[PDB]
Number of protein chains: 2
Amino acid sequence: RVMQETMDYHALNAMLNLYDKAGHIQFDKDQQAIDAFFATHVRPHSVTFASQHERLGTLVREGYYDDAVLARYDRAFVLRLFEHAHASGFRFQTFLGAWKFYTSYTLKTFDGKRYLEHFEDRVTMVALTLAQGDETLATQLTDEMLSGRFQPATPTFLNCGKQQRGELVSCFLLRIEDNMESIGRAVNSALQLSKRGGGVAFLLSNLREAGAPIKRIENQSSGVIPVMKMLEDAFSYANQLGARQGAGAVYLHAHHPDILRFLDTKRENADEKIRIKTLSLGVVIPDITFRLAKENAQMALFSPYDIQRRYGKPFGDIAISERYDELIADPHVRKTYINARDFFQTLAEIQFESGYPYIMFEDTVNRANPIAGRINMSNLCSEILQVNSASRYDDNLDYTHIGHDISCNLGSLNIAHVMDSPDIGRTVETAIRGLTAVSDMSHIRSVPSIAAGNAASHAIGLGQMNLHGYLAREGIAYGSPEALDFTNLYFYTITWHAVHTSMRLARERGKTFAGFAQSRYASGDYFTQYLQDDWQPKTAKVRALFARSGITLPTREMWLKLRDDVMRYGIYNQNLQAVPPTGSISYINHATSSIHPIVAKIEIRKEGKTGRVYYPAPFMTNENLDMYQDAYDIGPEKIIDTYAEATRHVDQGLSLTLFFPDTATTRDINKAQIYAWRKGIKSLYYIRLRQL
Amino acid sequence: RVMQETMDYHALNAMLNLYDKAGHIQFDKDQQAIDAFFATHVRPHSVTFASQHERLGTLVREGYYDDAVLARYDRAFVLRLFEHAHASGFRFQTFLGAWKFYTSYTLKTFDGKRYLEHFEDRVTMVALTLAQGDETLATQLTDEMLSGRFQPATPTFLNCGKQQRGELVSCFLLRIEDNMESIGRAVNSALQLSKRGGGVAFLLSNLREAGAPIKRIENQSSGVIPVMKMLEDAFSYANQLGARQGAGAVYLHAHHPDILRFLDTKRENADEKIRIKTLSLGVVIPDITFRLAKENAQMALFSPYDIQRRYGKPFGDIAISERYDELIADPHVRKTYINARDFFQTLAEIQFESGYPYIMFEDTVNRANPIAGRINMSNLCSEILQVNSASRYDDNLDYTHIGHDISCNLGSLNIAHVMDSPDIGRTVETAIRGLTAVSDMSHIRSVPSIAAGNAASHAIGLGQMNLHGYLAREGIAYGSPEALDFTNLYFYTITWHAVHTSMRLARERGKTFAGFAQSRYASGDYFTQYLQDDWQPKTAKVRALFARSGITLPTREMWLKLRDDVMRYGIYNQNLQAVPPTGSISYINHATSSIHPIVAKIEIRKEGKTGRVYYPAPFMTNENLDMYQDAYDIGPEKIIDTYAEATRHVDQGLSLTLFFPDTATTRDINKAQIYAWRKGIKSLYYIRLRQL
Ligand SMILES: Nc1ncnc2c1ncn2[C@H]1C[C@H](O)[C@@H](COP(=O)(O)OP(=O)(O)OP(=O)(O)O)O1
Ligand SMILES: Nc1ncnc2c1ncn2[C@H]1C[C@H](O)[C@@H](COP(=O)(O)OP(=O)(O)OP(=O)(O)O)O1
Ligand SMILES: [Mg+2]
Ligand SMILES: [Mg+2]
């Protein structure tokens, strides 16, 4: 206090990376870094206005905040809230969560020399923004975000309410039809989306294979690679401001003739002009492929060219599994053959050397998918999963028929914090509303097919973070039967409330998502799954928690009751949850990324002027370390295990990474994937091999 | 005859490449190759129908010819012509002109096993096609083409009237505005155009320089290179059917900040990702730049970014020359500086090692340009030169305002053959009509801005071939004062008739090209140039020729008379002539490519199953070899000289190549270019260094 010492919060931070003769960490040194931070850097560079009122005036007047948002409430309420917010007694819990938010989130002055916002402000404008002028909502979003219960996606949190601003949404999925126009559109769409920082993934699977015909003259199509090449260069050119390298991804169906040339753009010892250095790869794999590789058979690759001709649909749209045999019989459909086993072999080697081919288990997916149509691709994070539909052009690239593409608006709940306010239902409801708002205000001008999609589907991505964090606090162990029990039941109870909320919006707004009638929501089967049993706290400790919390587990009475509202009223969103990884927000929200064990006790980031910055995990103390085992230490099985439990309920997907030791073998990898597959998992993200 | 010997017309052809103890060529061995050709390969594989009538029926019925063309005339006339044609007694003059036309032009059966057309047929359908049902026209085009007087562009000759067919036009010029949309459009437009074999050149000059701002935040634009990269990959991907490698070109103004990074994509000892292997480069150079380099000064490169901001126009549109000083004064316009001398130095080294940077003498050009607006770029052959105008987009790439871009439809006259039918005026008129037709029927769907352009401008490219051929026949010598005299007067007389014809169409059709009123055609100055004198056969031999031909040289009476019709009636075409090189047609038409000395006595091509194919030049005999000196032997001056003479009259441009010995020095080159510049030349094509 008064005339204190040690103002190096970077050093203080560092202390978090020392072990005492007894293998304990000085957690407190971190806390000190915070104090020092604010003390020596936050406050002195934070602008302080006479009153809130004068503050906005200024912020509006010099074009920082957007007067358009404020204009939907009576200024006094806009003043009451800024006050509520600042009086809720929020502190940051870590020297980085603070450091993160002020070096990358909080609004600064155009000249970069002064902070103009603090968390509450940010929370506030976000709330105001999404609330769209509905005051009680606005309040609640404020509350939920301040408590730590909710955490909207970065794009949103970062931009809501500012004047100079990006858009509120950031990952995108486009499809490509088999013709020049659709291609030019793709290349274009990439340019436009990327210029504004978006992640875009394209579906290559419909493109005619290398060696296919064009205008009826044999051996002419040149495959997909020269198209990756373009997307590639597009992305590399139209990076976002303040970054080199955009972020693109492509997915190709595994039974597609170019699949090998496809994987081959990643094998380092290669050729030139055939080398893709910044696209992410994803492979879709149907079950048969496993069945094949199992009996060491031959995979048959079918021509999209031919398929289209003979079936009136594009490769990307038919059901390979259900038509494998039929297809091998149709002599009007050319076939090539490769050794499944050698395929998965190739797959794994690449994953080993570069982390990728994302994997999307086509069959598991479509089969659990409550929505009409098939799902043929995924996001750059492999967690979005939704039907899409083809778009058609006029010779001049003008659309003649606008299909539907997928944009994705996410946010997450910090499990811990939710389990802590007995009023779970409110928590879920708000979030859903919040998220839905993101959608409603979204209107991507430059890719008509995306805008159409959103508008039609109102699709959102409610997701979760902090699983480990929680379990740990409650002294349960990642992976444990208890854990499993917990995660199943929780995602169980969350799901009940979101459908319920979406059921509500449906009613409130007089409409539903397009195509609802065809859904499994319309005819009720969606619920069959919840009408049997299984919904009974296996472990004692788990039943416990839920009570010491006041959370009531949805009961057959509730489901049966919910099922009738839907069939009578429908829901507003075509898709509720999705569990992405949780980038740097986590550090702000103080969580453990997503639902997967903690990558380290003291996480280290290559950031800031010191070189690095250390992040101790939530609730962790010298008296509980033994509940913090690395994901590496926990290992694949356990992770694959948790995510499944979450999969019987999540209607989209969950980014799942497997952590392996640097001595793992492709077979090792390969097994894991199999476990994953047999186990229900919808998709697989990355395989990380531990490294420095 | 009856039971003859030696049927190897490839061998016979070869004999053309032997010199006898006295340095004479057996020209006759070639003629024999022809006879053998037809004898052993043409006829036996040429389909012969019972009558013409049954023939079309078939050809229509199996979808070879296009019934739509025939449907505009009474079948009997369509029968009368096929007859006229076949009775005009046309033979080919060379074993390759035949060989060329049947291996690349004449219609064959879908399965490639039989010829279905012969020249006359082809001439005929072309005539029919262009004639658009006007019978006397149709006849004439037939006549002119059969005589050798006219030779429409390859795309046209090749496709007119067929069912399965490409378009009738093939080089294209697009501009790019400084913003993502315009860029995506460019990349797209490239894709679409190229897929159908088009040559496209883009104007890069408006793009913001490497290091310019974006959304107001310093140092961010990444220049033009990543855009060349895209175009590059586009072209490489969407080659035409039966070819690898599309054909793209870019032009950049020499006073543009990226000019050096620009040339640098061609210096072989380079880096990767910055290496452009299939785009053609073109540089625009205004006069000052010479003035600069002369007094070894400093070139100042101005920011397009800034220019736009301060002048409300894009770099690509202002007059650098006229605003050089003004610009260096405006501190609101950033400047970089480079050593002019070192610039031209760089230029030449590249040209030396790779033939390019085309050069377009901005100033000469705009200054001679009779049409409103500036000209800022050129074609992949550097001979088209026309005003263009910016296009504007809506966020979705939909045009909100369609500008004008340039497409180009050419054809040429074989000088010789023209000088041979005293009725020059008919010859010119037809051609113009023929060409105009190409335009009228043209409607490029996929790049709105091109279609708009054409429709507005009706711009055509009448051009010439066989200059050497002629002069030689008449024992004049390439380059000679006589020659010069001849080429000036001829292009002089041709010009009179085309304006006249365009003046006629104007009247016949009740309209003119858009913007005519602003032209120098409207106010008459166009003619001032022809109202003084100069128009008087300097050489005696030249006056001679024109008489022994019956050609009357336009007289001050005619010009004065023509000038009044225009000011009263206007013209239909915004642009009449352009003298491109003459690819493989020449060999068919039997000419010397364009107006520039013959690249060899016996030209050799890497074509056909033998390896090569030998092409002896027109009118050449053992008793006149001394009138056939290589372009290498003639040398730059002389060539630069001829082309000028042609430039006081050609309203667009003339592809000019300089042939140099393999010991020439960049200074050597550099001088030539200067001569060219001081001499009026509008643009410079390639520099060829003799090689094997
Ligand atoms: N000209 C081309 N050059 C390179 N690739 C091409 C070309 N044309 C088509 N492709 C590839 C890209 C698409 O996957 C597919 C279809 O393109 P598209 O324009 O629809 O062809 P098309 O209609 O002319 O031929 P088709 O009759 O075979 O469909 O062909
Ligand atoms: N996001 C980007 N990434 C890479 N290059 C870009 C990006 N945005 C623009 N450029 C370059 C390409 C064009 O030459 C030029 C203008 O693009 P454009 O979309 O018109 O920019 P802008 O309107 O957002 O910014 P400005 O306000 O500076 O014009 O900027
Ligand atoms: Mg097609
Ligand atoms: Mg702009």
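All residue numbers given for chain B refer to Swiss-Prot; the residues shown span 8-699 in order.
Determined by X-ray crystallography, 3.2 Å, according to the entry header.
Backbone N, Cα and C define each Cβ position, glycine as well.
Going through B:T161, B:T371 against Swiss-Prot, the one listed in the substrate site together with B:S177, B:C178, B:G206, B:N386, B:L387, B:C388, B:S389, B:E390, B:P588, B:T589, B:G590, B:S591, B:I592 turns out to be B:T161.
Residue environment of B:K222 (site 'Allosteric effector binding') contains 8 other Cβ atoms, counted within 10 Å of its Cβ in all protein chains. Cα of B:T161 (substrate binding site) to Cα of B:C415 (disulfide bond): a span of 12 Å. The most densely surrounded of the recorded sites B:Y692, B:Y693, judged by C-beta neighbours within 10 angstroms, is B:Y692.
Taking B:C415 (disulfide bond) as the reference point, the binding-site residues whose C-alpha atoms are within 10 Å of its C-alpha, out of B:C178, B:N386, B:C388, are B:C178, B:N386.
Filtering the recorded positions B:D185, B:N386, B:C388, B:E390, B:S591 for a Cβ under 8 angstroms from any Cβ of chain A leaves an empty list. Taking the Cα atom of each, B:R215 (site 'Allosteric effector binding') and B:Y693 (site 'Important for electron transfer') are about 28 angstrom apart. With a 10 A radius on its CB, B:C178 (substrate binding site) counts 25 other CB atoms from all the protein chains. Comparing the Cα of B:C388 (substrate binding site) with the Cα of every entry in B:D185, B:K222, B:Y692, B:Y693, these being the recorded sites, the smallest distance points to B:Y692. Taking B:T161, B:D185, B:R215, B:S591, B:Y692 as the candidate recorded positions, the subset whose CB lies under 6 angstroms from any atom of ligand 2 consists of B:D185, B:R215.
Counting every protein chain shown, the number of other Cβ atoms lying within 10 Å of the Cβ of B:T161 (substrate binding site) is 19. Counted over all residue pairs in B:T161, B:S177, B:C178, B:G206, B:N386, B:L387, B:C388, B:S389, B:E390, B:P588, B:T589, B:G590, B:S591, B:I592, the record's binders of substrate, the longest Cα to Cα distance measures 19 angstrom.
Taking the Cα of B:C178 (substrate binding site) as the reference point, the closest of the recorded sites B:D185, B:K222, B:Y692, B:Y693 is B:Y692. Taken residue by residue with DSSP, B:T161 (substrate binding site) is part of a helix. Each of the recorded positions B:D185, B:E390 was assessed for Cβ neighbours inside 10 Å, and the highest tally belongs to B:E390.
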